[PDB]
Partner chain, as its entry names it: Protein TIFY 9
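First comes one chain, alone, set out as structure tokens in the form deposited without the partner chain.
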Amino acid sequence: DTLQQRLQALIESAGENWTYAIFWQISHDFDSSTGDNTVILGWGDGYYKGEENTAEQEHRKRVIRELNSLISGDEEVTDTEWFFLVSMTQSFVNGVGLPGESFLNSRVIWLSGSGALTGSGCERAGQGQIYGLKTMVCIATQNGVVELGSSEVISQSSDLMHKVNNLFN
């Protein structure tokens, strides 16, 4: 039932070797100046597997808590472990980047191979590539976006769309 458990069930649910899964969670920001309400994607939770305003305040405190828990806690910090850490404080206006684009258009965005990551023009895909990712997939769901990443080239997953649906819709 927890985001973290669903994320975990998602990637240990066999198939290919995904390095991590993240859930980017919808929140809303009211801009008094414009009278606009903007959807913003922010860290919901994540599971790192490895290789082989009251809402605003709750969100920031939960992330700070999650950063604390992850860091504390003296050995090597790997490229993909770093990317995972670095992702926790990232956020995305709706329409912006791979997560914003997934959500805004109810898309799956599936990027398979280094060339796809840098080629997409998403700064986050680009960032992940720098850190040794070769596949990134973002799947819009009811309350945000599931992102899976792998240092392997993965261009197919039989079950993926079905599991994501059961676990997040």
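Residues that one form lacks are left out of the comparison. In this text, the rigid core denotes the largest set of C-alpha atoms whose superposition between the two forms falls within 1.5 Å. Residue numbers count along the first chain shown, from 1.
Keep in mind that the form solved in complex with the partner chain is not shown, yet the notes after this line are about it.
When contacts are judged by a 4.5 Å heavy atom cut-off, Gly50 counts as touching the partner chain in the bound PDB entry.
In the bound PDB entry, none of the heavy atoms of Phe103 sits within 4.5 Å of a heavy atom of the partner chain. Using a 4.5 angstroms threshold between heavy atoms, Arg107 stays clear of the partner chain in the bound PDB entry. The shortest heavy atom separation between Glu66 and the partner chain in the bound PDB entry is within 4.5 Å. No residue of the trio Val93, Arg124 and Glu147 has any heavy atom within 4.5 Å of the partner chain in the bound PDB entry.
Note on the interface: of 42-50, 114-122, 127-135, 29-37, the segment with non-hydrogen atoms within 4.5 angstroms of the partner chain in the bound PDB entry is 42-50. In the bound PDB entry, the partner chain lies within 4.5 angstroms of at least one heavy atom of each of the following residues of 83-115: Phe84, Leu85, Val86, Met88, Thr89, in sequence order.
For the residues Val63, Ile40, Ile130, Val108, superposed on the rigid core between this form and the one not shown, a C-alpha shift of 2 angstroms or more shows up only at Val63.
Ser155: CA moves less than 2 Å between this form and the one not shown after rigid-core fitting. The pair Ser151 and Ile64 approaches in the bound PDB entry: their C-alpha atoms are at least 3 Å nearer to each other than in the form depicted. Annotation for the pair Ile109/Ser158: C-alpha atoms approach each other in the bound PDB entry, by 3 Å or more compared with this form. Listed in sequence order, the runs of 3 or more residues present in both forms whose C-alphas shift by at least 2 angstroms between this form and the one not shown, with the core superposed, are 53-72, 156-158.
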